[PDB]
>>> print(open('start-v1.txt').read())   # compact mmCIF, C-alpha atoms
# COMPACT_ATOMS: atom_id res chain seq x y z
CA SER A 5 -50.76 53.58 -91.88
CA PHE A 6 -53.64 54.15 -89.26
CA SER A 7 -57.15 53.64 -90.52
CA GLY A 8 -60.66 53.73 -89.09
CA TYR A 9 -59.89 56.05 -86.18
CA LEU A 10 -62.27 58.63 -84.78
CA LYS A 11 -60.51 61.98 -84.24
CA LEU A 12 -61.05 63.25 -80.66
CA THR A 13 -58.67 66.23 -80.70
CA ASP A 14 -55.91 67.74 -82.90
CA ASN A 15 -53.58 64.88 -81.82
CA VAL A 16 -55.67 62.11 -80.18
CA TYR A 17 -57.46 59.40 -82.22
CA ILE A 18 -59.45 56.38 -80.99
CA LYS A 19 -60.60 53.04 -82.44
CA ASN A 20 -62.37 49.95 -81.12
CA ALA A 21 -59.58 47.51 -81.87
CA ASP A 22 -57.39 44.80 -80.44
CA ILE A 23 -54.00 46.59 -80.05
CA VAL A 24 -52.14 43.33 -81.00
CA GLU A 25 -54.09 43.05 -84.27
CA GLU A 26 -53.69 46.77 -84.84
CA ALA A 27 -49.92 46.55 -84.26
CA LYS A 28 -49.56 43.55 -86.64
CA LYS A 29 -51.43 45.43 -89.37
CA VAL A 30 -49.85 48.90 -89.02
CA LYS A 31 -46.38 47.84 -87.66
CA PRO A 32 -46.08 51.33 -86.10
CA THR A 33 -42.81 52.95 -85.04
CA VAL A 34 -44.01 52.72 -81.41
CA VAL A 35 -46.53 50.50 -79.71
CA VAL A 36 -47.18 51.33 -76.05
CA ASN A 37 -47.39 48.53 -73.54
CA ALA A 38 -49.42 48.84 -70.34
CA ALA A 39 -46.47 47.61 -68.30
CA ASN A 40 -45.87 47.07 -64.61
CA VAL A 41 -42.60 48.10 -62.85
CA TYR A 42 -41.19 44.57 -63.17
CA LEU A 43 -42.03 44.25 -66.88
CA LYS A 44 -43.88 41.03 -66.00
CA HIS A 45 -46.26 40.80 -68.95
CA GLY A 46 -48.80 38.43 -67.48
CA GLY A 47 -52.22 39.75 -68.36
CA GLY A 48 -54.21 42.54 -69.96
CA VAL A 49 -52.55 44.39 -72.81
CA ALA A 50 -49.05 43.32 -71.65
CA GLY A 51 -49.92 39.63 -71.63
CA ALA A 52 -51.49 39.93 -75.06
CA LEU A 53 -48.56 41.87 -76.61
CA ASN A 54 -46.06 39.48 -75.06
CA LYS A 55 -47.96 36.40 -76.28
CA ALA A 56 -47.95 37.89 -79.82
CA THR A 57 -44.12 38.11 -79.65
CA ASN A 58 -43.91 34.36 -78.72
CA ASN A 59 -42.54 35.52 -75.29
CA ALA A 60 -39.60 37.38 -76.89
CA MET A 61 -40.85 40.58 -75.20
CA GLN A 62 -40.68 38.88 -71.77
CA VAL A 63 -37.16 37.48 -72.40
CA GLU A 64 -35.93 40.91 -73.46
CA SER A 65 -37.74 42.52 -70.50
CA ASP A 66 -36.20 40.13 -67.95
CA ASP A 67 -32.73 41.00 -69.27
CA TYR A 68 -33.63 44.73 -69.02
CA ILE A 69 -34.80 44.32 -65.36
CA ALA A 70 -31.76 42.20 -64.45
CA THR A 71 -29.54 45.06 -65.67
CA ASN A 72 -31.55 48.12 -64.62
CA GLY A 73 -33.92 47.16 -61.86
CA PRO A 74 -37.61 47.99 -61.89
CA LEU A 75 -39.18 50.99 -63.54
CA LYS A 76 -40.90 53.69 -61.47
CA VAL A 77 -44.73 53.92 -61.46
CA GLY A 78 -45.25 56.75 -64.01
CA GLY A 79 -42.05 55.82 -65.86
CA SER A 80 -41.17 54.02 -69.03
CA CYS A 81 -38.50 52.35 -71.05
CA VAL A 82 -38.03 51.80 -74.79
CA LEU A 83 -37.44 48.23 -75.86
CA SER A 84 -37.84 46.33 -79.13
CA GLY A 85 -41.27 46.11 -80.71
CA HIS A 86 -40.39 42.60 -81.99
CA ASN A 87 -42.94 41.55 -84.68
CA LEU A 88 -45.43 44.25 -83.56
CA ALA A 89 -43.65 47.56 -84.03
CA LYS A 90 -40.16 49.08 -84.40
CA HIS A 91 -40.18 49.88 -80.63
CA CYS A 92 -42.28 49.12 -77.64
CA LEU A 93 -42.62 51.91 -75.14
CA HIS A 94 -43.34 50.14 -71.85
CA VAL A 95 -45.22 52.65 -69.74
CA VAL A 96 -46.24 52.05 -66.13
CA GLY A 97 -49.51 53.67 -65.23
CA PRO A 98 -50.63 53.48 -61.57
CA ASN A 99 -52.45 50.28 -60.69
CA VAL A 100 -55.39 51.36 -58.54
CA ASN A 101 -55.99 47.66 -57.57
CA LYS A 102 -52.42 47.69 -56.01
CA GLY A 103 -53.29 51.00 -54.18
CA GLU A 104 -51.11 53.26 -56.37
CA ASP A 105 -51.46 57.06 -56.67
CA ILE A 106 -53.87 57.88 -59.54
CA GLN A 107 -52.11 61.34 -59.76
CA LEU A 108 -49.18 59.37 -61.39
CA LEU A 109 -51.35 58.76 -64.51
CA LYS A 110 -50.40 62.21 -65.90
CA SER A 111 -46.68 61.40 -65.38
CA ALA A 112 -47.22 58.07 -67.18
CA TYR A 113 -48.83 59.82 -70.21
CA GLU A 114 -45.97 62.37 -70.33
CA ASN A 115 -43.72 59.54 -71.57
CA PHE A 116 -45.75 59.55 -74.82
CA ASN A 117 -44.47 63.09 -75.59
CA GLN A 118 -41.02 61.70 -76.36
CA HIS A 119 -42.43 59.97 -79.50
CA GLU A 120 -43.94 61.70 -82.56
CA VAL A 121 -46.59 59.02 -83.10
CA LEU A 122 -47.73 56.06 -81.01
CA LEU A 123 -50.25 53.23 -81.07
CA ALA A 124 -51.41 52.91 -77.42
CA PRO A 125 -53.91 51.58 -74.98
CA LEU A 126 -55.59 53.75 -72.31
CA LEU A 127 -53.13 53.76 -69.39
CA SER A 128 -54.28 52.39 -66.04
CA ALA A 129 -57.55 51.13 -67.62
CA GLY A 130 -58.66 47.47 -67.66
CA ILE A 131 -57.02 45.29 -65.05
CA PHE A 132 -55.12 48.35 -63.72
CA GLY A 133 -58.42 49.48 -62.18
CA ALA A 134 -58.67 53.16 -63.10
CA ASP A 135 -61.72 54.74 -64.71
CA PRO A 136 -61.04 54.65 -68.48
CA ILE A 137 -63.05 57.89 -68.97
CA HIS A 138 -60.60 59.59 -66.58
CA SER A 139 -57.63 57.96 -68.41
CA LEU A 140 -58.83 59.32 -71.79
CA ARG A 141 -59.24 62.80 -70.24
CA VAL A 142 -55.68 62.69 -68.82
CA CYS A 143 -54.43 61.44 -72.20
CA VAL A 144 -56.00 64.29 -74.19
CA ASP A 145 -54.86 66.87 -71.59
CA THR A 146 -51.26 65.54 -71.38
CA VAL A 147 -50.15 64.03 -74.67
CA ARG A 148 -49.18 66.53 -77.36
CA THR A 149 -47.78 64.03 -79.88
CA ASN A 150 -50.01 61.90 -82.19
CA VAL A 151 -51.60 59.10 -80.18
CA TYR A 152 -53.79 56.38 -81.77
CA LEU A 153 -55.72 54.73 -78.98
CA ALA A 154 -56.90 51.16 -79.38
CA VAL A 155 -59.80 50.27 -77.03
CA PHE A 156 -60.47 46.53 -77.06
CA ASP A 157 -63.92 46.57 -75.46
CA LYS A 158 -66.69 47.84 -77.93
CA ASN A 159 -69.05 48.77 -75.08
CA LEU A 160 -66.28 50.77 -73.37
CA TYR A 161 -65.28 52.37 -76.74
CA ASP A 162 -68.89 53.53 -77.26
CA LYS A 163 -69.07 54.90 -73.71
CA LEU A 164 -65.72 56.73 -74.16
CA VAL A 165 -66.77 58.35 -77.45
CA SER A 166 -70.33 59.24 -76.34
CA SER A 167 -69.14 60.80 -73.07
CA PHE A 168 -66.10 62.64 -74.56
CA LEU A 169 -66.16 66.29 -73.81
>>> encode(input="start-v1.txt", output="structure tokens")
Amino acid sequence: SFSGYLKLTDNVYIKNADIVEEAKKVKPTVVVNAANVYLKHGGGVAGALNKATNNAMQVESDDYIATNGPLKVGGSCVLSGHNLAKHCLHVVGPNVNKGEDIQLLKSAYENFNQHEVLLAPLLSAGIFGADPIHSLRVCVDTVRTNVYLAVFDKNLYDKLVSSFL
């Protein structure tokens, strides 16, 4: 199961790790993807998770979008986890670089509450443009289920832990 995590709260844990490598090792029930509304897994966490599935995540996602249309910003869908997990919970945090409402980050984290335990990245962080310190704060104040956060960047991980209130 999960190893090497620092406990932040009763239910939130954090580790400096590549979420793809973490998913391949743990094979959790749920891995969260930092998705966009189109499920176009081009870059960031989504590009990395999709590349690890040999593009099977993108093929499955294109079929999902063809049937259902795009997700809402703040919304999610459950798809296969392929070789990474049992399920992938594709969650759309607001993309600040696309001028989206940062207030939707709490709605995005609420999707995590439908799953007892998740391996996840910080929503809206990285190429989504939000402040990762703010994302961690929203995570701890919103998610009530067990969330194991993988932060790829060591320097950001250290800043997140050292500034955690």
>>> atom_distance(input="start-v1.txt", atom1="atom CA of residue A:58", atom2="atom CA of residue A:88")
11.1 Å
>>> closest_residue(input="start-v1.txt", among="A:24, A:129, A:144, A:75", to="residue A:160", atoms="all atoms listed in the file")
A:129
>>> closest_residue(input="start-v1.txt", among="A:69, A:18, A:153, A:142", to="residue A:97", atoms="all atoms listed in the file")
A:142
>>> atom_distance(input="start-v1.txt", atom1="atom CA of residue A:113", atom2="atom CA of residue A:42")
18.5 Å
>>> closest_residue(input="start-v1.txt", among="A:57, A:112, A:90, A:36", to="residue A:147", atoms="all atoms listed in the file")
A:112
>>> axis_aligned_box(input="start-v1.txt", around="stretch 29-37 of chain A", padding_each_side="6 Å", output="lines of an AutoDock Vina configuration file")
center_x = -47.1
center_y = 49.2
center_z = -81.5
size_x = 20.6
size_y = 19.5
size_z = 27.8
>>> atom_distance(input="start-v1.txt", atom1="atom CA of residue A:31", atom2="atom CA of residue A:63")
20.6 Å
>>> residues_near_point(input="start-v1.txt", point="(-59.1, 63.4, -79.7)", cutoff="12 Å", atoms="only C-alpha atoms", output="NGL selection string")
:A and (9-19 or 140-153 or 164-165 or 168-169)
>>> closest_residue(input="start-v1.txt", among="A:89, A:126, A:96, A:109", to="residue A:32", atoms="all atoms listed in the file")
A:89
>>> residues_around(input="start-v1.txt", residues="residue A:44", least_positions_apart="6", cutoff="9 Å", atoms="only C-alpha atoms", output="ChimeraX atom specification")
/A:50-51,62,65-66
>>> closest_residue(input="start-v1.txt", among="A:124, A:61, A:155, A:82", to="residue A:136", atoms="all atoms listed in the file")
A:155
>>> residues_around(input="start-v1.txt", residues="residue A:91", least_positions_apart="2", cutoff="12 Å", atoms="all atoms listed in the file", output="JSON, numbers by chain")
{"A": [27, 31, 32, 33, 34, 35, 36, 37, 61, 81, 82, 83, 84, 85, 86, 87, 88, 89, 93, 94, 119, 121, 122, 123]}
>>> write_last_selection(input="start-v1.txt", atoms="C-alpha atoms", output="short mmCIF file (atom, residue, chain, number, x, y, z; two decimals), keeping the file's coordinate frame")
data_model
loop_
_atom_site.label_atom_id
_atom_site.label_comp_id
_atom_site.auth_asym_id
_atom_site.auth_seq_id
_atom_site.Cartn_x
_atom_site.Cartn_y
_atom_site.Cartn_z
CA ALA A 27 -49.92 46.55 -84.26
CA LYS A 31 -46.38 47.84 -87.66
CA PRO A 32 -46.08 51.33 -86.10
CA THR A 33 -42.81 52.95 -85.04
CA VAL A 34 -44.01 52.72 -81.41
CA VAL A 35 -46.53 50.50 -79.71
CA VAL A 36 -47.18 51.33 -76.05
CA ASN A 37 -47.39 48.53 -73.54
CA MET A 61 -40.85 40.58 -75.20
CA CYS A 81 -38.50 52.35 -71.05
CA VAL A 82 -38.03 51.80 -74.79
CA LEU A 83 -37.44 48.23 -75.86
CA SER A 84 -37.84 46.33 -79.13
CA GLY A 85 -41.27 46.11 -80.71
CA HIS A 86 -40.39 42.60 -81.99
CA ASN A 87 -42.94 41.55 -84.68
CA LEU A 88 -45.43 44.25 -83.56
CA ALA A 89 -43.65 47.56 -84.03
CA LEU A 93 -42.62 51.91 -75.14
CA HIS A 94 -43.34 50.14 -71.85
CA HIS A 119 -42.43 59.97 -79.50
CA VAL A 121 -46.59 59.02 -83.10
CA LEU A 122 -47.73 56.06 -81.01
CA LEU A 123 -50.25 53.23 -81.07
#
>>> closest_residue(input="start-v1.txt", among="A:8, A:98, A:48, A:103", to="residue A:139", atoms="only C-alpha atoms")
A:98
>>> decode(input="start-v1.txt", residues="stretch 21-165 of chain A", atoms="C-alpha atoms", output="PDB file, in the first residue's frame")
ATOM      1  CA  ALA A  21       6.810  11.534  -5.944  1.00  0.00           C
ATOM      2  CA  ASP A  22       6.027  11.105  -9.600  1.00  0.00           C
ATOM      3  CA  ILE A  23       2.294  10.141  -9.549  1.00  0.00           C
ATOM      4  CA  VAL A  24       2.841   7.754 -12.538  1.00  0.00           C
ATOM      5  CA  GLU A  25       5.603   5.886 -10.676  1.00  0.00           C
ATOM      6  CA  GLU A  26       3.535   5.977  -7.503  1.00  0.00           C
ATOM      7  CA  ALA A  27       0.493   4.572  -9.333  1.00  0.00           C
ATOM      8  CA  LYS A  28       2.552   1.759 -10.954  1.00  0.00           C
ATOM      9  CA  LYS A  29       3.946   0.759  -7.555  1.00  0.00           C
ATOM     10  CA  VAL A  30       0.780   1.000  -5.416  1.00  0.00           C
ATOM     11  CA  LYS A  31      -1.852   0.221  -8.158  1.00  0.00           C
ATOM     12  CA  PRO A  32      -4.418   2.118  -6.032  1.00  0.00           C
ATOM     13  CA  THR A  33      -8.186   1.752  -6.351  1.00  0.00           C
ATOM     14  CA  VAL A  34      -8.314   5.360  -7.620  1.00  0.00           C
ATOM     15  CA  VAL A  35      -5.735   7.574  -9.232  1.00  0.00           C
ATOM     16  CA  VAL A  36      -6.859  11.165  -9.840  1.00  0.00           C
ATOM     17  CA  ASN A  37      -6.062  12.808 -13.129  1.00  0.00           C
ATOM     18  CA  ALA A  38      -5.682  16.576 -13.464  1.00  0.00           C
ATOM     19  CA  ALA A  39      -8.030  16.604 -16.435  1.00  0.00           C
ATOM     20  CA  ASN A  40      -9.438  19.318 -18.654  1.00  0.00           C
ATOM     21  CA  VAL A  41     -13.128  19.417 -19.754  1.00  0.00           C
ATOM     22  CA  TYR A  42     -12.293  17.720 -23.071  1.00  0.00           C
ATOM     23  CA  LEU A  43     -10.248  14.922 -21.457  1.00  0.00           C
ATOM     24  CA  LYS A  44      -7.403  15.905 -23.812  1.00  0.00           C
ATOM     25  CA  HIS A  45      -4.441  14.529 -21.877  1.00  0.00           C
ATOM     26  CA  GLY A  46      -1.685  16.527 -23.505  1.00  0.00           C
ATOM     27  CA  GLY A  47       0.607  17.739 -20.780  1.00  0.00           C
ATOM     28  CA  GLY A  48       1.247  17.942 -17.051  1.00  0.00           C
ATOM     29  CA  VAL A  49      -0.078  15.099 -14.946  1.00  0.00           C
ATOM     30  CA  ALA A  50      -2.671  14.143 -17.621  1.00  0.00           C
ATOM     31  CA  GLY A  51      -0.065  13.817 -20.357  1.00  0.00           C
ATOM     32  CA  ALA A  52       2.148  11.752 -18.084  1.00  0.00           C
ATOM     33  CA  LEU A  53      -0.665   9.404 -16.919  1.00  0.00           C
ATOM     34  CA  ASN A  54      -1.902   8.986 -20.478  1.00  0.00           C
ATOM     35  CA  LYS A  55       1.609   8.251 -21.816  1.00  0.00           C
ATOM     36  CA  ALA A  56       1.989   5.562 -19.096  1.00  0.00           C
ATOM     37  CA  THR A  57      -1.202   3.868 -20.413  1.00  0.00           C
ATOM     38  CA  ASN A  58       0.278   3.773 -23.985  1.00  0.00           C
ATOM     39  CA  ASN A  59      -2.529   6.247 -24.976  1.00  0.00           C
ATOM     40  CA  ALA A  60      -5.289   3.835 -23.863  1.00  0.00           C
ATOM     41  CA  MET A  61      -6.529   6.536 -21.451  1.00  0.00           C
ATOM     42  CA  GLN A  62      -6.903   9.007 -24.359  1.00  0.00           C
ATOM     43  CA  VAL A  63      -8.739   6.458 -26.571  1.00  0.00           C
ATOM     44  CA  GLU A  64     -11.149   5.666 -23.736  1.00  0.00           C
ATOM     45  CA  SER A  65     -11.536   9.391 -22.971  1.00  0.00           C
ATOM     46  CA  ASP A  66     -12.341  10.299 -26.602  1.00  0.00           C
ATOM     47  CA  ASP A  67     -15.098   7.660 -26.616  1.00  0.00           C
ATOM     48  CA  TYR A  68     -16.409   9.095 -23.295  1.00  0.00           C
ATOM     49  CA  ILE A  69     -16.481  12.670 -24.734  1.00  0.00           C
ATOM     50  CA  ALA A  70     -18.074  11.513 -28.004  1.00  0.00           C
ATOM     51  CA  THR A  71     -20.906   9.981 -25.951  1.00  0.00           C
ATOM     52  CA  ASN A  72     -21.264  12.497 -23.105  1.00  0.00           C
ATOM     53  CA  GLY A  73     -19.801  15.794 -24.176  1.00  0.00           C
ATOM     54  CA  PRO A  74     -17.324  17.754 -22.104  1.00  0.00           C
ATOM     55  CA  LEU A  75     -17.102  17.756 -18.346  1.00  0.00           C
ATOM     56  CA  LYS A  76     -17.831  20.908 -16.337  1.00  0.00           C
ATOM     57  CA  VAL A  77     -14.943  22.846 -14.721  1.00  0.00           C
ATOM     58  CA  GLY A  78     -15.168  21.534 -11.124  1.00  0.00           C
ATOM     59  CA  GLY A  79     -16.595  18.204 -12.308  1.00  0.00           C
ATOM     60  CA  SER A  80     -15.305  14.711 -12.791  1.00  0.00           C
ATOM     61  CA  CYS A  81     -15.874  11.341 -14.322  1.00  0.00           C
ATOM     62  CA  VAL A  82     -14.728   7.835 -13.384  1.00  0.00           C
ATOM     63  CA  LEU A  83     -12.984   5.902 -16.115  1.00  0.00           C
ATOM     64  CA  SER A  84     -10.599   2.936 -16.161  1.00  0.00           C
ATOM     65  CA  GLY A  85      -7.264   3.240 -14.401  1.00  0.00           C
ATOM     66  CA  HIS A  86      -5.706   0.997 -17.105  1.00  0.00           C
ATOM     67  CA  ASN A  87      -2.266  -0.248 -15.888  1.00  0.00           C
ATOM     68  CA  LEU A  88      -2.081   2.481 -13.204  1.00  0.00           C
ATOM     69  CA  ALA A  89      -5.048   1.898 -10.930  1.00  0.00           C
ATOM     70  CA  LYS A  90      -8.472   0.187 -10.808  1.00  0.00           C
ATOM     71  CA  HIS A  91     -10.112   3.552 -11.722  1.00  0.00           C
ATOM     72  CA  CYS A  92      -9.045   6.959 -12.823  1.00  0.00           C
ATOM     73  CA  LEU A  93     -11.056   9.813 -11.436  1.00  0.00           C
ATOM     74  CA  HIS A  94     -10.652  12.586 -14.015  1.00  0.00           C
ATOM     75  CA  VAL A  95     -11.165  15.813 -12.122  1.00  0.00           C
ATOM     76  CA  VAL A  96     -11.243  19.251 -13.750  1.00  0.00           C
ATOM     77  CA  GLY A  97      -9.805  21.952 -11.572  1.00  0.00           C
ATOM     78  CA  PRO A  98     -10.035  25.556 -12.846  1.00  0.00           C
ATOM     79  CA  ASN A  99      -7.225  26.530 -15.189  1.00  0.00           C
ATOM     80  CA  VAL A 100      -6.169  30.014 -14.100  1.00  0.00           C
ATOM     81  CA  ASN A 101      -4.093  30.365 -17.351  1.00  0.00           C
ATOM     82  CA  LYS A 102      -7.429  29.934 -19.302  1.00  0.00           C
ATOM     83  CA  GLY A 103      -9.075  32.595 -17.008  1.00  0.00           C
ATOM     84  CA  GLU A 104     -11.250  30.146 -15.030  1.00  0.00           C
ATOM     85  CA  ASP A 105     -12.852  30.855 -11.627  1.00  0.00           C
ATOM     86  CA  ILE A 106     -10.437  29.780  -8.848  1.00  0.00           C
ATOM     87  CA  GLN A 107     -13.547  29.447  -6.548  1.00  0.00           C
ATOM     88  CA  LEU A 108     -14.292  26.218  -8.586  1.00  0.00           C
ATOM     89  CA  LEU A 109     -11.247  24.517  -6.974  1.00  0.00           C
ATOM     90  CA  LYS A 110     -13.328  23.595  -3.889  1.00  0.00           C
ATOM     91  CA  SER A 111     -16.006  22.037  -6.161  1.00  0.00           C
ATOM     92  CA  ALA A 112     -13.259  20.091  -7.957  1.00  0.00           C
ATOM     93  CA  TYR A 113     -11.905  18.686  -4.643  1.00  0.00           C
ATOM     94  CA  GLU A 114     -15.443  17.710  -3.550  1.00  0.00           C
ATOM     95  CA  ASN A 115     -15.333  14.965  -6.207  1.00  0.00           C
ATOM     96  CA  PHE A 116     -12.673  13.214  -4.077  1.00  0.00           C
ATOM     97  CA  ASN A 117     -15.265  12.666  -1.303  1.00  0.00           C
ATOM     98  CA  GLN A 118     -17.011  10.040  -3.416  1.00  0.00           C
ATOM     99  CA  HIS A 119     -13.965   7.715  -3.003  1.00  0.00           C
ATOM    100  CA  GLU A 120     -12.676   6.218   0.275  1.00  0.00           C
ATOM    101  CA  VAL A 121      -9.013   6.507  -0.732  1.00  0.00           C
ATOM    102  CA  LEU A 122      -7.260   8.223  -3.636  1.00  0.00           C
ATOM    103  CA  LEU A 123      -3.783   8.819  -5.013  1.00  0.00           C
ATOM    104  CA  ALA A 124      -3.906  12.408  -6.378  1.00  0.00           C
ATOM    105  CA  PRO A 125      -2.043  15.425  -7.579  1.00  0.00           C
ATOM    106  CA  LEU A 126      -2.727  18.964  -6.276  1.00  0.00           C
ATOM    107  CA  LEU A 127      -5.630  20.223  -8.404  1.00  0.00           C
ATOM    108  CA  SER A 128      -5.114  23.339 -10.514  1.00  0.00           C
ATOM    109  CA  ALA A 129      -1.368  23.344  -9.678  1.00  0.00           C
ATOM    110  CA  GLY A 130       1.432  23.098 -12.284  1.00  0.00           C
ATOM    111  CA  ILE A 131       0.414  24.047 -15.793  1.00  0.00           C
ATOM    112  CA  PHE A 132      -3.117  24.873 -14.520  1.00  0.00           C
ATOM    113  CA  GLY A 133      -1.608  28.029 -13.005  1.00  0.00           C
ATOM    114  CA  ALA A 134      -3.026  28.147  -9.475  1.00  0.00           C
ATOM    115  CA  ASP A 135      -0.921  28.608  -6.359  1.00  0.00           C
ATOM    116  CA  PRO A 136      -0.161  25.066  -5.104  1.00  0.00           C
ATOM    117  CA  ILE A 137      -0.110  26.310  -1.471  1.00  0.00           C
ATOM    118  CA  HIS A 138      -3.713  27.481  -1.975  1.00  0.00           C
ATOM    119  CA  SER A 139      -4.598  24.141  -3.663  1.00  0.00           C
ATOM    120  CA  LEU A 140      -3.249  22.157  -0.669  1.00  0.00           C
ATOM    121  CA  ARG A 141      -5.252  24.387   1.708  1.00  0.00           C
ATOM    122  CA  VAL A 142      -8.458  23.814  -0.299  1.00  0.00           C
ATOM    123  CA  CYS A 143      -7.680  20.088  -0.388  1.00  0.00           C
ATOM    124  CA  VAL A 144      -7.281  19.763   3.391  1.00  0.00           C
ATOM    125  CA  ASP A 145     -10.370  21.941   4.016  1.00  0.00           C
ATOM    126  CA  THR A 146     -12.585  20.076   1.486  1.00  0.00           C
ATOM    127  CA  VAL A 147     -11.587  16.431   1.208  1.00  0.00           C
ATOM    128  CA  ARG A 148     -12.769  14.201   4.040  1.00  0.00           C
ATOM    129  CA  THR A 149     -11.744  10.856   2.511  1.00  0.00           C
ATOM    130  CA  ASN A 150      -8.116   9.555   2.543  1.00  0.00           C
ATOM    131  CA  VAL A 151      -6.069  11.454  -0.027  1.00  0.00           C
ATOM    132  CA  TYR A 152      -2.404  10.623  -0.796  1.00  0.00           C
ATOM    133  CA  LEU A 153      -0.942  13.588  -2.621  1.00  0.00           C
ATOM    134  CA  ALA A 154       1.980  13.080  -4.963  1.00  0.00           C
ATOM    135  CA  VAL A 155       3.952  16.313  -5.610  1.00  0.00           C
ATOM    136  CA  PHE A 156       6.437  15.836  -8.444  1.00  0.00           C
ATOM    137  CA  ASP A 157       8.614  18.894  -7.796  1.00  0.00           C
ATOM    138  CA  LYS A 158      10.946  18.425  -4.679  1.00  0.00           C
ATOM    139  CA  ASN A 159      11.377  22.190  -4.224  1.00  0.00           C
ATOM    140  CA  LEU A 160       7.591  22.694  -4.314  1.00  0.00           C
ATOM    141  CA  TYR A 161       7.078  19.682  -1.954  1.00  0.00           C
ATOM    142  CA  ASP A 162       9.496  21.256   0.576  1.00  0.00           C
ATOM    143  CA  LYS A 163       7.756  24.632   0.288  1.00  0.00           C
ATOM    144  CA  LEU A 164       4.312  22.986   0.740  1.00  0.00           C
ATOM    145  CA  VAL A 165       5.370  21.056   3.854  1.00  0.00           C
TER     146      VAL A 165
END
